[PDB]
Amino acid sequence: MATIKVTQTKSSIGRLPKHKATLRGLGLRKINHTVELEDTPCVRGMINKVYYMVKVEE
Amino acid sequence: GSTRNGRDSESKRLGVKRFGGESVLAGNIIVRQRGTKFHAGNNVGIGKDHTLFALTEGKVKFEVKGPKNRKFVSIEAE
Amino acid sequence: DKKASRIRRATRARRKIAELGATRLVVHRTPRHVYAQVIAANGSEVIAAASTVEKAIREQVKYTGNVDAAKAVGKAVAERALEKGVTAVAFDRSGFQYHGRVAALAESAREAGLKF
Amino acid sequence: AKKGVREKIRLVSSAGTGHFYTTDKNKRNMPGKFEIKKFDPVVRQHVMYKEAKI
Amino acid sequence: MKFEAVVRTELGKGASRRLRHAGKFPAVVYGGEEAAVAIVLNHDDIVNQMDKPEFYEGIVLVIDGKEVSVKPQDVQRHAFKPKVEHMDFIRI
Amino acid sequence: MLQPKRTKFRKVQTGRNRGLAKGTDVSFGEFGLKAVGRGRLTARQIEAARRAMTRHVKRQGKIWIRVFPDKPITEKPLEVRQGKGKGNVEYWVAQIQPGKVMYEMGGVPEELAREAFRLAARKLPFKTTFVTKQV
RNA sequence: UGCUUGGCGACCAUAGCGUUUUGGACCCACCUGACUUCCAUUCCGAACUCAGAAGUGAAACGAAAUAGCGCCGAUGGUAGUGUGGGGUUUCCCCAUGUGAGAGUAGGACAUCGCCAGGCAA
RNA sequence: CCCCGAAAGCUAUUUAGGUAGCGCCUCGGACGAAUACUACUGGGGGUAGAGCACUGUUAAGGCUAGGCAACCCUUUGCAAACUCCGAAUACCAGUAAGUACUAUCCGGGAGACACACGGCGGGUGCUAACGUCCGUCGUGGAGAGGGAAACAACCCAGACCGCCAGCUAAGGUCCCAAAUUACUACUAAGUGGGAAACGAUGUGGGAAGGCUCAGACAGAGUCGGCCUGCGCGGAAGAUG
RNA sequence: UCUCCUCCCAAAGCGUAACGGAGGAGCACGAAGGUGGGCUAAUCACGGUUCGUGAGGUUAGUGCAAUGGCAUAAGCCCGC
RNA sequence: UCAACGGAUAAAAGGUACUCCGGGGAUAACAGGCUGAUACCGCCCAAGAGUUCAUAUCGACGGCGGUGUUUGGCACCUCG
């Protein structure tokens, strides 16, 4: 319900195509870029998809 | 020094064309099959090649029914 | 098993009638007695029903196993279904040949105004 | 290779419309001229049709 | 024979495997009316006694402080190593 | 040398040999020879090991061969270029995974079994272990 | 109000078979008769069919009982596997997610609707 | 100079190093979320696995028709073209949030239709090849920078330009060469810094066992297995 | 070898290559099509100079490959 | 049976060491490269042979490596 912050920590070069789409869907654009997003099962699911290259702050 | 083999037919693009829950118009082919791998249930016709197609508009429903536990495609009114 | 054989002979029509979604007039026939039910399309609920085990038909007829009885039952079930607003039925022989009592019942149910 | 021996024939309307169906026959199984009722579209009626060549 | 048993909090492949790396092994106790209990046993302890016949006749498992008489019901052994991967104990 | 008396199909795609064995328990005898390694056991390899064992036991006790070579293996002939169809069946193999009890022995002393099995083990292309019937 | 039977269904083995027992009030079944011929036999009234009702529940059928056989079936583990890492890379492991098949404990001798009949309320 | 940016595929071809339509690029126009990602819901699976109920194939024993042994029974395996079963994923569809100029349609212009390696699933091959043929994802192609001595295709990471600023990735921190100290172990082999079966009182750890002050082992310990870490031999090539 | 069909390879939607693994087709049928009615296999056991009864349950059948189907048969017989 | 099956013509076989041109290291022959089935060398087990006795010498049935070293595989370099 409340907004979480999500940073991209690793590159999106070479990532599976769907994983790149997911980053686009979180609104992440470059390394160290942080987005604030409403915490949602949907937003959480995207994060789970790209956990290896995304740090969450709650 | 040769192969007696070499041959194969063209793939016949069989299979489920509209899955569970899909909205179909009357006439829409649902399944293309060889024999009745799926049987025709309510609001579903069966062609000469055992093509199942929607007799009415609605939603495709698969269902196991009957004493043999056979799969049936029906169109549900929705 | 005679009953199974008969039920085998019945299935094709009964399945068809179900597919057509028609109101069905099912006829059972036993050496003594004869029966007629009008059943909804669902095949679960009976709309109208006549037989020689029923007191009113049993009294009005001589033997229950006769072709004369089958004419009574045909007439009864038809009248009772027409009361229920059942017009146009599909006739389920139930595996008996369309003949003798079964056809007699059918004819009487046609004469009374059931359309088939 | 071709193993087909069934002779093609033209069935012709017994009305003088000249409408013909085509088909084939095994000439051994059917030596005589084939005859069969078929809908003639010109006279819009089912009439007898009889075999003829081609 | 009496063995200490600890009730498993974490279950499944990743946990089961970690136990086995730690010299313990997942096991389950079931039978009677009580629900099946998932327990950890010490491998060396159990395996050392599995040569004795009495082991197969009956042992006591101290689970959650409570002594429970159980017979060995099933053993899953390693493919080729002399190890035990899992045991089923049926309450006696 | 063992091979199927007949087969549905003369040639078989290579495939893979992943997994652990199914028949991993001494089910007929008292002692068995179990595979620790993975590999193909040829029919020749199987018979070499069987002869080794049998000679040693000296017509005492029973031996169970629990592996059957039923996978035909083809080789291209020498001085043939790639192509013109799959090669000819040269030999049969049995796919061995870790755990597979390949042979079993009974009605002998355990020490004689261990020796018989060590001798057979030396004819085989992967590692093995002596195993006993268990409760 | 039951308790039964008959018809038509739902459902399609936790429902099934097998075995045992039980039932004729009705019903159901077997049954009786069929040059006289409605109808029937690629021969036969077996079946189909018709006219019947003396007999009998023998068979069948229904019901009950029976885990005997099938069926169902956890928990736990195991296999595999999506993603990301690692390796000793013909094959594996680790983190996380998912998670069988087999087997075990056990379950189970169905549940339900409409109509009609008999008995009994 | 600025912006975008492929393909080495499919189908057909007297075609195979050509060409055509399609796929992929671009430009204009129309259209506007119909698209992608995720959660949830609904689907169909017959793959991995597994299993032996079928079809085959396999072992032992029983029972026995037959003439040793069917067929059955019990036990036990195997399967690309077996299945009583059966995932993960993927795909199809719906619902919904957030993010995104997405999707689609009609026109102008192409280019390409020799692909490569790497991962994963496979066929072929010897589970050989910097081999070959597919599927799928990545990179190269058309991609600089850092690492991997040097090294298209691996790891990290996408270069608008300038800066004698700072933080980090992979990878590193004795000297070449930018950057590390402390502590705890193990290894003695320059193992590290090529190579297996197998061999061996090398050595470290763990959990048991046998035998022993009624005397073990060759007057106090001793013997042998198991689970494990690290080492040794096995180990021969041509300019240095 | 060249077109077509079936299976496998093919990675549980579709599709997917090799001078990869296996087979088929280049027709047949005026009924072997339509429909109404009817019917239900294989193989054994046992008794009889094909017949009867039982078991069994489709292991049969399908004009012709394989695959998927098929008892309400799509299999088998007959009338029109 | 336009079956070369999207079907160049209605109508078509060969030779060239007498040869020619345009190309290709897209593609063979030499040598290099990769690979190591094969080969060669080594080793493991030890059936046995060896009067007796596995191991003086030899080493069946099988197994594991090394070399690049035979026979091969591939088509990476080179056909201005």
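Hydrogens, waters and symmetry mates play no part in the numbers below; they use all other heavy atoms, side chains included. Below, chain A is the first sequence line, B the second, and so on; all start at residue 1.
Taking the side chain of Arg8(C) as heavy atoms from C-beta on, and the options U72(I), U38(H), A46(J), the nearest nucleotide is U72(I). When the nucleotides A105(G), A74(I), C91(G) are ranked by their closest atom to the side chain of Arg16(F), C91(G) comes out on top. Comparing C91(G), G68(I), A71(I) by their nearest atom to the side chain of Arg38(F) picks out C91(G).
For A74(I), the OP1/OP2 oxygens have a side-chain nitrogen or oxygen of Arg12(C) closer than 4.0 Å. The side chain of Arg34(B) contributes no N or O atom lying less than 4.0 Å from OP1 or OP2 of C70(I). Contact annotation: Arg24(A) does not reach the phosphate of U35(H) (side-chain N/O to OP1 or OP2, under 4.0 Å). At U127(H), none of the side-chain N or O atoms of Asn17(F) fall inside 4.0 Å of OP1 or OP2 (strictly under the cut-off). An OP1 or OP2 oxygen of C78(H) is reached within less than 4.0 angstrom by no side-chain nitrogen or oxygen of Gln95(F). Listed pair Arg18(B) / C92(H) fails the phosphate criterion, with no side-chain N or O lying under 4.0 Å from OP1 or OP2. For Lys5(F) and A59(H), the shortest distance from a side-chain N or O to OP1 or OP2 is below 4.0 Å. Regarding contacts with the backbone of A13(G), a side-chain N or O of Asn69(B) is found under 4.0 angstrom from either OP1 or OP2. Listed pair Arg6(F) / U57(H) meets the phosphate criterion, a side-chain N or O lying under 4.0 Å from OP1 or OP2. Using a 4.0 Å cut-off, no side-chain N or O of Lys13(E) falls inside it from OP1 or OP2 of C94(G). Taking side-chain N and O atoms only, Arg70(B) has no distance below 4.0 Å to OP1 or OP2 of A73(I). For the OP1/OP2 pair of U38(H) and a distance below 4.0 Å, the side-chain nitrogens and oxygens of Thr40(A) include no atom meeting the criterion.
Applying the 90° criterion around 0 to the glycosidic angle, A26(J) comes out anti. Taking 90° from 0 as the syn/anti boundary, the base of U90(G) is oriented syn. Annotated as anti: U58(I), whose glycosidic dihedral deviates from 0 by more than 90°. Glycosidic torsion of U57(J) falls outside 90° of 0, placing the base in anti.
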Distances under 3.5 Å between protein N/O atoms and the N/O atoms of nucleotides 82-89 of chain G, please, pair by pair.
from: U83(G); atom 1: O2; to: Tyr51(A); atom 2: OH; distance (Å): 3.1

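Across all strands shown, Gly25(A) has heavy atoms under 4.0 Å from base atoms, whether or not it also approaches the sugar-phosphate. Using a 4.0 Å heavy-atom criterion, one finds that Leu119(F) contacts the sugar-phosphate atoms exclusively. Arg6(D) comes within 4.0 angstrom of a nucleotide base, judged by non-hydrogen atoms across all strands. When heavy atoms are screened at a 4.0 angstrom cut-off, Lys25(D) is found touching no nucleic acid atom at all. Within the 4.0 angstrom heavy-atom criterion, no nucleotide atom of any strand lies near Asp92(C). Residue contacts shown for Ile31(A) are limited to sugar-phosphate atoms, with no base heavy atom under 4.0 Å away. Heavy atoms of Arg50(F) sit nowhere under 4.0 angstrom from any nucleic acid atom. Here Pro4(F) lies in heavy-atom contact (under 4.0 Å) with sugar-phosphate atoms only. The residue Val67(C) sits close only to the backbone: its heavy atoms come under 4.0 Å of sugar-phosphate atoms, none of a base. Note on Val5(D): only backbone sugar-phosphate atoms sit closer than 4.0 angstrom, heavy atoms only; bases stay farther off. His56(F) comes within 4.0 angstrom of nothing in the nucleic acid, heavy atoms only. Base engagement by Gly20(B) is indicated by at least one non-hydrogen atom pair under 4.0 Å involving a base atom. Nucleic acid contact for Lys2(D): base, since at least one base atom lies under 4.0 Å from a heavy atom of the residue. Heavy atoms of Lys16(C) sit nowhere under 4.0 angstrom from any nucleic acid atom.
Atom NE2 in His86(E) sits about 12 Å away from atom P in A79(G), given to the nearest Å. The interatomic distance linking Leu20(F) (CG) with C93(G) (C1') rounds to 14 Å, in whole Å. As a whole-Å value, the separation of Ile90(E) CD1 from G103(G) P is 17 Å. Across the protein-nucleic acid pair, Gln97(F) atom CD and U127(H) atom P stand 16 Å apart, rounded to whole Å. When rounded to the nearest whole Å, the span between CZ of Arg81(F) and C1' of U71(J) equals 15 Å. The NZ atom of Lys8(F) sits 15 Å away from the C1' atom of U58(H) (whole-angstrom rounding).
If you check residues 69-80 of chain F against RNA chain J, the residues with a heavy atom closer than 4.0 Å are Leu78(F), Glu79(F), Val80(F), listed by number. A heavy-atom distance below 4.0 Å to RNA chain H is reached by these residues of residues 33-51 of chain E, ordered by number: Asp44(E), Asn48(E).
Contact of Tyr30(E) with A74(G) (side chain to base): no donor-acceptor pair of N or O atoms is detected under 3.5 Å. At a cut-off of 3.5 angstrom, counting only N and O atoms as typed in the model, there is a donor on one side and an acceptor on the other between the side-chain of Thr23(D) and the base of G30(I). Counting atom types as modelled, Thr36(B) pairs a side-chain N or O with a base atom of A74(I) as donor and acceptor under 3.5 Å.
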What does the B/S/- profile of nucleotides 58-63 of chain J look like, 5' to 3', with a 4.0 Å heavy-atom cutoff to protein? --BBBS
Base, backbone or nothing for each nucleotide of nucleotides 115-121 of chain G, written B, S, -, heavy atoms under 4.0 angstrom, 5' to 3'? SSS----
How would you summarise protein contacts on nucleotides 8-24 of chain I per nucleotide, using B for base, S for sugar-phosphate only and - for none, with heavy-atom distances below 4.0 Å? BB----SSS--BSBBBB
Per-nt protein contacts along nucleotides 29-47 of chain G (heavy atom under 4.0 Å; B base, S backbone sugar-phosphate only, - none) come out as SSB------BS--------
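In this structure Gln13(F) satisfies the side chain to side chain contact (heavy atoms under 4.5 Å, CB included) test with no other residue, sequence neighbours excluded. Here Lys16(C) pairs with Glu19(C) under the salt bridge (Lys or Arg N to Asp or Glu O under 4.0 Å) rule; sequence neighbours left out. In this structure, the side chain to side chain contact (heavy atoms under 4.5 Å, CB included) partners of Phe130(F), at least two apart in sequence or on a different chain, are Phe31(F), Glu110(F), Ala113(F), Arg114(F), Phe117(F), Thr132(F).
Annotation: cation-pi geometry not satisfied between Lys65(B) and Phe72(B) (NZ/CZ under 6.0 angstrom from ring centroid, within 45° of ring axis).
Sorted by first and then second residue, the pairs that involve residues 27-43 of chain E and meet side chain to side chain donor-acceptor pair (under 3.5 Å), not counting sequence neighbours, are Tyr30(E)-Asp88(E).
Here the closest heavy-atom approach between residue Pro98(F) and residue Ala79(E) is recorded as O-CB, 4.1 Å.
Each of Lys30(A) and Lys37(B) lies near RNA chain H, and the nucleotide nearest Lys37(B) is the one positioned closer to the 5' end.
Pairing check for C74(J) against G33(J): the two satisfy the Watson-Crick or G-U wobble geometry, each of the two atom distances being under 3.5 Å.
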Report all side-chain donor-acceptor pairs from residues 24-33 of chain D shorter than 3.5 Å, counting only partners two or more places apart or in another chain.
from: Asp24(D); atom 1: OD1; to: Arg6(D); atom 2: NE; distance (Å): 3.3
from: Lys25(D); atom 1: NZ; to: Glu51(D); atom 2: OE1; distance (Å): 3.3
from: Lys25(D); atom 1: NZ; to: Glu51(D); atom 2: OE2; distance (Å): 2.7
from: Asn26(D); atom 1: OD1; to: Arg28(D); atom 2: N; distance (Å): 3.4
from: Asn26(D); atom 1: ND2; to: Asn29(D); atom 2: OD1; distance (Å): 3.2
from: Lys33(D); atom 1: NZ; to: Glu51(D); atom 2: OE2; distance (Å): 3.3

